[PDB]
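# what would the 3D arrangement of this be:
(one chain, ligands or ions: 1)
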Amino acid sequence: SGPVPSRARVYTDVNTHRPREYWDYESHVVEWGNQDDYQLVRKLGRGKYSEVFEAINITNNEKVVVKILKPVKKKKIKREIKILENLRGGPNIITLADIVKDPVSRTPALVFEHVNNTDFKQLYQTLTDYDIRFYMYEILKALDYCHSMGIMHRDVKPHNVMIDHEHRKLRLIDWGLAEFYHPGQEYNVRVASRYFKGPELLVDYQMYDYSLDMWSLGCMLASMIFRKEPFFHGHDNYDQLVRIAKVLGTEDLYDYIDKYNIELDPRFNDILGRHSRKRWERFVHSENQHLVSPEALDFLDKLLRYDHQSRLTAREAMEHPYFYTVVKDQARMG
Ligand SMILES: NC(=O)c1nc(-c2ccc(C(=O)O)cc2)nc2c1[nH]c(=O)n2-c1ccccc1
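Numbers count the residues shown, from 1 in each chain. Please see the structure below:
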């Protein structure tokens, strides 16, 4: 009597009906470009796993971004490369332009198209209702694509959505946690930023799917239209589920748990307490009301659901009335 299994309700078998070489990234043989084409200009940041630099391609003088991988699992490097190659050319997917190694030290690096992303304090002060609808649509294009290509991103958050606002240009980046979906597979629940973790991760339910990304997207939407980043602000993973339950209510949480026969740490029930489900209207104020509409709230309500099987797919999301004005305007013959 363990947890009830689950499988994605869409794109369930997309990797099943593809050649082994598509999803078997361990078998992937890398063709390396030339390290000496790129000059590092400045360090942009660093994670547990890598350091990221602004760089110049000296053959054509174009800016790029170089991510140098610290000596981690060769498996995870091949996984990320295979995913990036599989998704290359997809809508709003960051373009992997090159892969290079030091021939002597054997350290690999990924080379990406450069995105001149807008400051954020600037975006926070000027994004309109239409802007948000537009960029949400563009994110959904990316997620529907990678999901249709059998891949879960698993780290959707504002920092991984780069926006060059003056060119109305968006890219979904940081595919380092992304993974192929195979039905019935149990996955690591230690993915996504705390604030963007779905309830399935927080209750250690491992047989999750693409719908994880839709929870994360809902958190981003809430953060944007209510002007509170992050929207659910827990101080640890336990507290994160408490923050969700204070909004979504504990009754639906326990129904979720009950449906999948999930067992909670006894301490969770003590700290989860008892909370009513709130109305989304509660978070609307004079300062954010210009970004909020009935359509926005209906849409949000269909993303932020405990049951992962209940959330909108990316395709279904793109069909929502919230996007009516955007979809009209993008019907272009160019
Ligand atoms: N194109 C850019 O402009 C660009 N691309 C990436 C990027 C990273 C990883 C991956 C990946 O691993 O898939 C893809 C793309 N990261 C960027 C970036 N511009 C930028 O300031 N950072 C950044 C900032 C702070 C901390 C870390 C990174």
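# just so I have it, where are all the strands in the chain?
38-46, 50-57, 62-69, 96-101, 108-113, 151-152, 161-164, 169-172, 179-180 (DSSP state E).
# quick one, which of these is packed in tightest?
Mean neighbour count, computed with mean count of other C-beta atoms under 10 Å, is highest for strand 151-152 among the strands of the chain, reaching a mean of 26. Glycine gets a C-beta too; all of them are placed from N, C-alpha and C.
# that one vs the ligand: in contact?
No. Strand 151-152 is not in contact with the ligand by C-beta under 6 Å from any ligand atom; minimum separation 11.9 Å.
# need the contact partners of that strand.
Residues outside strand 151-152 that contact it (C-beta atoms under 8 Å, 6 or more residues apart in numbering): 83, 86-87, 146, 178-181, 187, 209-210, 212-213.
# with distance to residue 304 added, can I get those in a markdown table?
Shown next, in a markdown table, are these (distance: C-beta to C-beta, whole Å):
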| residue | distance to residue 304 |
| --- | --- |
| 83 | 26 |
| 86 | 29 |
| 87 | 26 |
| 146 | 21 |
| 178 | 22 |
| 179 | 23 |
| 180 | 26 |
| 181 | 21 |
| 187 | 21 |
| 209 | 17 |
| 210 | 16 |
| 212 | 13 |
| 213 | 13 |
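# could you dump those residues to JSON lines with distance to the ligand?
Converted to JSON lines, the contacts of strand 151-152 look like this (distance: C-beta to the nearest ligand atom, whole Å):
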{"residue": "83", "distance to the ligand": "8"}
{"residue": "86", "distance to the ligand": "12"}
{"residue": "87", "distance to the ligand": "10"}
{"residue": "146", "distance to the ligand": "12"}
{"residue": "178", "distance to the ligand": "8"}
{"residue": "179", "distance to the ligand": "13"}
{"residue": "180", "distance to the ligand": "15"}
{"residue": "181", "distance to the ligand": "18"}
{"residue": "187", "distance to the ligand": "19"}
{"residue": "209", "distance to the ligand": "21"}
{"residue": "210", "distance to the ligand": "18"}
{"residue": "212", "distance to the ligand": "17"}
{"residue": "213", "distance to the ligand": "15"}
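# among those residues, which lie within helices?
83, 86, 87, 146, 212, 213 (DSSP state H).
# for these, work out which two are farthest apart.
Spanning the widest gap among those are 86 and 212, at 18.8 Å by C-beta to C-beta.
# residue 282: how many residues sit nearby?
The number of residues packed near residue 282 is 9, by other C-beta atoms under 10 Å.
# I'd like the distance between it and residue 241.
19 Å (C-beta to C-beta, to the nearest Å).
# also residue 63?
41 Å.
# what's the answer for residue 181, then?
Distance, residue 181 to residue 241, using C-beta to C-beta: 24 Å.
# check residue 271 too.
9 Å.
# do residue 318 as well
29 Å.
# list the contacts of the closest residue to the ligand within the chain.
Residue nearest to the ligand within the chain: residue 45 (2.3 Å; C-beta to the nearest ligand atom). Residues in contact with residue 45 (C-beta under 8 Å, 6+ apart) are 51, 52.
# also residue 20?
Contacts of residue 20 (C-beta under 8 Å, 6+ apart): residue 27.
# residue 318 and residue 241: who's more crowded?
More crowded of residue 318 and residue 241, by other C-beta under 10 Å: residue 241, with 24 against 18.
# skipping adjacent residues, who's closest to that one in space?
residue 202 (4.3 Å; C-beta to C-beta, 6 or more residues apart in numbering).
# closest to residue 123 out of the strands of the chain?
Ranking the strands of the chain by proximity to residue 123 (C-beta to C-beta) places strand 161-164 first, at 6.7 Å.
# hmm, who's touching the closest one?
By C-beta under 8 Å, 6+ apart, strand 161-164 touches 94, 115-118, 123, 135, 139, 169-173, 220.
# buried subset of those as a ChimeraX selection?
A single ChimeraX command selects the buried members of the contacts of strand 161-164 (16 or more other C-beta atoms under 10 Å):
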select :94,115,117,118,123,135,139,169,170,171,172,173,220
